[PDB]
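Next up is one chain by itself, shown in structure tokens, the form deposited in one PDB entry.
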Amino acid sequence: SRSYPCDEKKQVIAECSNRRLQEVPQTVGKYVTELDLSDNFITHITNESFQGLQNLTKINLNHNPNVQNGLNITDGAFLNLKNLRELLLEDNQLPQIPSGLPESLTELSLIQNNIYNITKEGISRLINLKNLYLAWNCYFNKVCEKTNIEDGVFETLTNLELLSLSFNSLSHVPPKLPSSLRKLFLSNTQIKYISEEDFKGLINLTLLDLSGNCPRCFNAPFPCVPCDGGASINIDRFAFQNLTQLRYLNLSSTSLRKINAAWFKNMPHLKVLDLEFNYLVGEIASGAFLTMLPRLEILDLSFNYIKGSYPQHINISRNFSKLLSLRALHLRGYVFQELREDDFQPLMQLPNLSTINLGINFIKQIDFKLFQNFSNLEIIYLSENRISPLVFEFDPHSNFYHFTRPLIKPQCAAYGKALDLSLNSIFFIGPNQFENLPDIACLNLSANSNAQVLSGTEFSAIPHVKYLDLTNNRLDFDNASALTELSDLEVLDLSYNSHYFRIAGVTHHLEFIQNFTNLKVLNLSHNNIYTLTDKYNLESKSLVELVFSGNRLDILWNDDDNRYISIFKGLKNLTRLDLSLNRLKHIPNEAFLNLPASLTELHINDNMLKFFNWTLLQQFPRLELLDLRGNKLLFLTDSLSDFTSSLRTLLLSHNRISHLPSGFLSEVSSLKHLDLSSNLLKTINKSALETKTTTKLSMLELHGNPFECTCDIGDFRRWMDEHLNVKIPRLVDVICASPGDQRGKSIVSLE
């Protein structure tokens, strides 16, 4: 059995999602324990749907049906599944909690439905529930009803550890919550008041999310309903008195102006405090609560700006010096003109403060030397400011109030201390710009509209930069000594610096590249490179990877010009080369033969190639991956094994191949992965299948070929049957084009 329609996988999971399925297939293996049927067109679940699949411990029916209208699940449809632990039913337009769910359930997700009634009948039998998600049923301008929570509905769920009720109209915290709760999410629930009773008994709670209740609505990116008068949430003095185990508290966008220090009296473990989108400028200056948090590691005070206010200075209370455990401080969107060394004195003896984030404050100048006086900053994040020369659209499973991606690309941060000055106005780097900074290893200058001629001295005060990002500037590469002060540079990103490269009449100089002794990775992408001055060749003894996408090799290698015929030959250590998006119609033979013999990976995808000289792979004895996707190729050589014994992956997707030559599936013993996706194949011929021996072939992609499903396809179908070790992904997309009665169906589905 080659399984269909699902792909089976044993790290036993049937991946069956996004396959245009109309019903639960009756072709699922009986050894399957986890079934992913998300994103199909399934409209009915009955007690017949999964009979003879009782090993199932997990079912995902999210996002069904898509497109061309709700999911209809009968009473007790799942009841017979004795082992069902986890049921995901998100985005199914369910009007109610389905009835008669199995008591074995420990995890149930009903996120993004139309469920306005939470009943004993739905839920109170489900004694084994540990995590229950009912979020995003009624929010924003959706037409929906206030949520009715049957009194005591949650009381019998004495194993429940996580309950998520966010983005529903609740009005108050429900009573009779089980004391087993660890995590309680009540974001955006229209609760204006927290009483002493609401969480009095939840002694095991480690996370509480009360965000977005009484929101700050000015300039909201969503329909936002403030409390009367834009008032603050109202939280009783003793509301958190028993929450001794709280580690995470989210009070983002609760319109707070005042924080009651006493709220933290009994929270000796509190680790992450989110206070973004409030009105806390005054508390930041004078916060008594900061005195109550000596184990706090992450404090987010972002977007507490006063509307219309652009103060000279940020005002940080001396009490910040009590945050002895603080690791990250987020101060985006406070809005201020100038950062002086004195303004941050309270932060300067915190031993573990690693990250300071001052993104999006419209800061016009910074006294940079202040950063050295900190104990140990490793991320100095200043992106999106005004620093100039010195002289359903919300993911319900993510954080709603900010992105959670790293501030600094991990590959750069991995080198050491990081200074991110991206998206500023440092248009010219002058002699003292970088004076008195720490030993920066990772420097981001992307998008500073820098148009200068770097000349070998600009980075002299931080000469150990290992990863330099200069993307999206207007750099004028007119000096052979550029960047050469950076002896230890390993990664250099010059992508999107077209501005001068595109003008023929100005001089262009890339000779500095050869100076670096440790340069491993160079990205020259999207620079429109088509002409250089005097020195035509790129050279480096160390470089391993060159990204040359989005340039004009079609010009450089024009048949009437010899000058660039060795452009990459001097990159003597290169193993990875990217020549995508260079508008190539053909590569002269001599040009191809002058690519480095060291290559293991060569991409030439998304050009316009009409021919490819296969014989020339004889000069590339280490070549493992050749990527020719997105071209106009028609001809495959019929003696590939004469030209390579190294090639493992050949990517030929989105070309115009109509004929596979004799024994091509078995031509190259080393070939593991052949991608023939989206070409013009009508069949695969017997001679194409002829093998002298066996082959290393593990994966063959064929989806989007216009197959002719006559009896001519028989041979390949029988081949598929007898080579079950060759994976063919996406069989639902390996489709008959002709004739009319077969059109649209998988080739596997053919009598």
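In this text, residue numbers run from 1 along the sequence as written. By rigid core we mean the largest C-alpha set that fits within 1.5 Å across both forms.
In at least a third of the other compared PDB entries of this protein that cover both flanking sides, residue 692 is left without coordinates. Compared with other PDB entries of the same protein, residue 69 is missing from at least a third of those that resolve the residues around it. Going from residue 68 to residue 69, the model skips 10 or more deposited residues, which lack coordinates.
Counting the unmodelled positions of the deposited sequence between residue 391 and residue 392 gives a long gap of 10 or more residues.
Stretches 289-297 and 415-423 differ in mean C-alpha B factor, with the higher average recorded for 289-297. Across the two stretches, 533-541 and 98-106, the PDB entry reports the greater mean Cα temperature factor for 98-106. When the Cα B-factors of 576, 629, 552, 172 are read from the PDB record, 172 comes out highest. Highest CA B-factor among 604, 157, 547, 239, as stated in the entry: 157. Split the chain's modelled residues into thirds by C-alpha temperature factor. Residue 122 is in the highest one. Among the modelled residues of its chain, residue 428 has a C-alpha B-factor that falls in the middle third according to the deposited record. When the modelled residues of the chain are ordered by C-alpha B-factor, residue 663 sits in the highest third. Ranked by C-alpha B-factor against the other modelled residues of its chain, residue 317 falls in the middle third. Residue 402: CA B factor in the highest third of modelled residues in this chain (values from the PDB entry).
Omitted here: the form deposited in another entry. The next part is about that form.
The residue among 136, 459, 305, 501 whose Cα moves by 2 angstroms or more between the shown form and the other one, once the core is superposed, is 501. Core-superposed comparison between the shown form and the other one: CA of residue 435 displaced by less than 2 Å. With the core held fixed between the shown form and the other one, residue 197 has its Cα displaced by under 2 Å. A displacement of 2 angstroms or greater separates the C-alpha positions of residue 561 between the shown form and the other one, with the rigid core held in common. In the other form, the CA atoms of residue 98 and residue 141 draw together by 3 angstroms or more relative to this form. Contraction of the residue 507-residue 524 CA spacing by 3 Å or more is recorded in the other form, set against this form.
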